[PDB]
Amino acid sequence: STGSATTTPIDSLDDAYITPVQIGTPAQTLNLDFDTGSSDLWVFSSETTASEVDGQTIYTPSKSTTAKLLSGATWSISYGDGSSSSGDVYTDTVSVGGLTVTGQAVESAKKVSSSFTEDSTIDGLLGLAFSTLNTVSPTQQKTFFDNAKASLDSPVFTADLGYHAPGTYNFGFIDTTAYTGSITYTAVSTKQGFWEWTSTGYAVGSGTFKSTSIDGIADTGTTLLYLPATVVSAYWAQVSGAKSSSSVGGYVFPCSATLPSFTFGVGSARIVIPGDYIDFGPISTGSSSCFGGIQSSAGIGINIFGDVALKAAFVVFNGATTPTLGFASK
């Protein structure tokens, strides 16, 4: 079997992408943020404290004929931005674009941090990293992809994110019409539980390609591209007036500037991020300063190929026994 769902940017900046997911019987549709940087499927629910719910669609397991409390199990997660959520665990039928999984652990949020409360468009997260990162205790749970692998035609899922436009998450097949040329596959290290890989280098605009190993994670759940300070400083030195701001917390540039492209290597292939993708608009309404799409990973400890990088390519997450990441131009 296969699955295919449209993902849509939540705002005019592509801050996040939401995909409709059906949970329970009769189905309850929730718009979840597909995150390849985490492994928990958690949703806002009838158990979440009323003051922390601000317009999200909630999951109500008492109205689902297939819901079962996963007795004793609890979860607790914290993300890279400082946000967090916790609660109890239910099992239910979960379907993504026609692909159905029965007995999927759905983590019901009891408490959510203010960052999630203010994002009314996002009803929860659907983790797509390796199951070793799942926070359900004492019995660690499997992600939706891991549970679905048994039914899929091929143990792959693809991400085809759009620039200020809807995109597609496919499960179990590769759409040869979504990309140009061929797909370049690179090795994945599952050691930290992430889709970790090594980029063969970078170029700034029309400059020469610098062959250097950049280890990082393919993360659909992170908006920006976080790279080593040496790479970031070389990109932003090509934009007049660009500077790292402490009050903002990162590189900013004059909104009047034209940003160069950024190329990253995948084996012998090159993936070009156009300059426009690196522009995140004014820091505040009417501002003359614009927020940059490429930021330093120095304070994070890990390089993250987030949505800015992934949306420039058709990305294959091959979850076979030896996992690989495939990238193609689109």
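Nothing fancy with the numbering, it's 1 onward along the sequence. Computation of the quantities below employed the complete heavy-atom set of this structure, encompassing side-chain atoms and omitting hydrogens, waters and symmetry-equivalent molecules.
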> What salt bridge (charged side-chain N to carboxylate O under 4.0 Å, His left out) pairs are there with at least one residue in residues 282-303, not counting sequence neighbours?
Replying inline: none
> Same hydrophobic cluster for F209 and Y235, using side-chain heavy-atom links shorter than 4.5 Å among ILVMFWY?
Replying inline: no
> Does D119 use its side chain to pair, donor to acceptor, with the backbone of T121 at less than 3.5 Å?
Replying inline: no
> Can you tell me if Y17 uses its side chain to pair, donor with acceptor, with the backbone of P166 under 3.5 Å?
Replying inline: no
>> Taking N31's backbone N and O only, do any of them form a donor-acceptor pair with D123's side chain (distance below 3.5 Å, no angle check)?
In response: yes
>> Checking one residue: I122. Which other hydrophobic residues are in its cluster under the side-chain 4.5 Å linking rule?
In response: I10, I18
>> Treating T220 as the side-chain partner and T36 as the backbone partner, does any N or O pair qualify as donor plus acceptor under 3.5 Å?
In response: yes
> Are side-chain N/O atoms of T324 and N318 paired as donor and acceptor at under 3.5 Å?
Replying inline: yes
> When hydrophobic residues are tied together by side-chain contacts of less than 4.5 Å, even through go-betweens, does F327 share a cluster with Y163?
Replying inline: yes
Side-chain donor-acceptor pairs of residues 275-294 under 3.5 Å, sequence neighbours excluded:
residue: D279; atom: OD1; partner: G281; partner atom: N; Å: 2.8
residue: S287; atom: OG; partner: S289; partner atom: N; Å: 3.0
residue: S287; atom: OG; partner: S289; partner atom: O; Å: 3.3

> From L70 CG over to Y90 OH, what is the distance, rounded to the nearest 0.5 angstrom?
Replying inline: 11.0 Å
>> I'd like to know whether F264 forms a ring pair (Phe, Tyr, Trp, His ring centres under 6.0 Å) with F305, so could you lay out the CA-CA distance, the side-chain angles of the two residues, the decisive distance to 0.1 Å, and finally the verdict.
In response: CA-CA 10 Å; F264 65 93; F305 283 79; 5.2 Å; yes
> Is a side-chain N or O of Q141 found less than 3.5 angstrom from the main chain of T139, in a donor-acceptor match?
Replying inline: yes
> Counting N and O atoms only, with roles assigned by atom type, does the side chain of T66 sit under 3.5 Å from a partner on the main chain of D92, one being a donor and the other an acceptor?
Replying inline: no
> Say you draw a straight line from OG1 of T168 to CG of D160; how long is it, rounded to the nearest 0.5 Å?
Replying inline: 5.5 Å
>> For the backbone of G267 and the side chain of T200, can you confirm whether one donor and one acceptor N or O come within less than 3.5 Å of each other?
In response: yes
>> By the definition ring-ring contact (aromatic ring centres under 6.0 Å, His included), identify the one residue from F317, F194, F145, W195 that meets it with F130.
In response: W195
> With distance as the sole test, does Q56 use its side chain to make a donor-acceptor pair with the main-chain N or O of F116 at under 3.5 Å?
Replying inline: yes
> Which heavy-atom pair separates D35 from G221 by the least distance, and what is that distance?
Replying inline: OD1-CA, 3.3 Å
> Distance-only, no hydrogens or angles: does the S64 side chain make a donor-acceptor pair with backbone N or O of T25 under 3.5 Å?
Replying inline: yes
>> Is there a path of hydrophobic side-chain contacts, each under 4.5 Å between heavy atoms, that joins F173 and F314?
In response: no
> Any link between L227 and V272 through a network of hydrophobic side chains (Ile, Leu, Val, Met, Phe, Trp, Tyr) touching at under 4.5 Å?
Replying inline: no
> Any sub-3.5 Å donor-acceptor pair from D215's side-chain atoms to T198's backbone N or O?
Replying inline: no
>> Less than 4.5 Å apart, side chain to side chain, heavy atoms only: is that true for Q28 and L30?
In response: yes
